[PDB]
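Okay, structure first, notes after.
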Amino acid sequence: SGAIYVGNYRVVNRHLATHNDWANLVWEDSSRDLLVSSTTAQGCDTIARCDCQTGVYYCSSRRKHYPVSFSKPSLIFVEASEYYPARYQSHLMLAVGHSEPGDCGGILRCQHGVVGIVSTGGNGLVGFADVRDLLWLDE
Ligand SMILES: Cn1cc2c(CC(=O)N3CCC[C@H](C(N)=O)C3)cccc2n1
Ligand SMILES: [Zn+2]
């Protein structure tokens, strides 16, 4: 579980989006596993505008925050699931670390702010969906 709240937007994993999320849809991308919905109230998360490759992510399966070294956003192969068949997810960042399916939503953050959210995992590699390119989240 977990979202990013910035201004009048709510950023979630598209595979965990609610009915209300789709009823107030701003933008979605299957290939990225992202969905943005509009909010009545105002969020106050700072989205990082950077090219960092180190951060700290929240892992609900361990109730801990872990420091990781992660790859630059790219097209990584992700195996089939009940939400998507076998495909190449884009804007994906991998790091060596623990993750479980319920961990999707946990924020990854650097000194500059929010980098992305947990999206994939398995084999001791946790995958984060990048959001630093979505400049429209701030205007
Ligand atoms: C965070 N996390 C998800 C895990 C899974 C499942 C997984 O990766 N996915 C299922 C949900 C949709 C995801 C996507 N974006 O396509 C793929 C299995 C083991 C460990 C995990 N750690
Ligand atoms: Zn940064």
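Numbering starts at 1 and runs along the sequence shown.
- Donor-acceptor pairing under 3.5 Å is recorded for the side chains of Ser30 and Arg14.
- Contact check for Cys104 versus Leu16: side-chain heavy atoms found under the 4.5 Å cut-off.
- Between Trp22 and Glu28 the shortest side-chain heavy-atom distance falls below 4.5 Å.
- Of the possible polar contacts, none joining the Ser37 side chain to the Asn24 backbone as a donor-acceptor pair under 3.5 Å is found.
- By the 4.5 Å heavy-atom criterion applied to side chains, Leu125 and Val96 are counted as neighbours.
- Hydrophobic cluster membership of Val114, counting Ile, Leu, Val, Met, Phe, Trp and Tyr whose side-chain heavy atoms lie under 4.5 Å apart directly or via other members: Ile4, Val6, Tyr9, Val11, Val26, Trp27, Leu34, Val36, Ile47, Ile107, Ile117, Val131, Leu134, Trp136, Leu137.
- Listed by first and then second residue, the side-chain hydrogen bond (donor to acceptor under 3.5 Å, both in side chains) pairs that reach into residues 67-76 come to none, sequence neighbours excluded.
- The side-chain heavy atoms of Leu92 and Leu75, taken from C-beta on, include no pair separated by under 4.5 Å.
- The two residues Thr39 and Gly7 make their nearest non-hydrogen contact at OG1-O, 3.9 Å.
- In this structure, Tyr58 and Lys64 approach most closely via the heavy-atom pair CD1-O, 3.7 Å.
- There is no side-chain donor-acceptor pair under 3.5 Å between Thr120 and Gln89.
- Shown here for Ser60 and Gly102, the closest heavy-atom pair between the two residues is OG-O, 3.6 Å.
- With sequence neighbours excluded, no residue forms a side chain to side chain donor-acceptor pair (under 3.5 Å) with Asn8.
- Sequence neighbours left out, the pairs with a member in residues 88-112 that pass ring-ring contact (aromatic ring centres under 6.0 Å, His included) are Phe77-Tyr88.
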Requested in this report: Assess whether side-chain contact (heavy atoms from CB on, under 4.5 Å) is satisfied between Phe128 and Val126, documenting all intermediate values.
Outcome: CA-CA 7 Å; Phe128 310 98; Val126 42; 3.7 Å; yes

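- Considering only residues two or more places apart in sequence or on other chains, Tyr5 meets the side chain to side chain donor-acceptor pair (under 3.5 Å) condition with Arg10.
- Between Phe70 and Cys52, the shortest heavy-atom contact is CE1-O, 3.5 Å.
- Scanning both residues, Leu94 and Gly127, for their nearest heavy atoms gives CD2-CA, 3.5 Å.
- Here the side chains of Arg109 and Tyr57 are not in contact, with every heavy-atom distance at 4.5 Å or above.
- Within the model, atoms OG of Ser119 and CZ of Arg32 stand 10.5 Å from one another, a figure rounded to the nearest 0.5 Å.
- Under the 4.5 Å side-chain criterion, counting only non-hydrogen atoms from C-beta, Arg62 is in contact with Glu100.
- Inspection of the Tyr84 and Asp33 side chains reveals an N or O donor paired with an N or O acceptor under 3.5 Å.
- Applying the salt bridge (charged side-chain N to carboxylate O under 4.0 Å, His left out) test to pairs two or more places apart or on separate chains, those with a residue in residues 40-54 are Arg49-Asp138.
- Across all non-hydrogen atoms, the minimal contact from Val56 to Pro67 is CG2-CA, 4.1 Å.
- Residues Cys50 and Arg132 meet the side-chain proximity criterion, which asks for heavy atoms closer than 4.5 Å.
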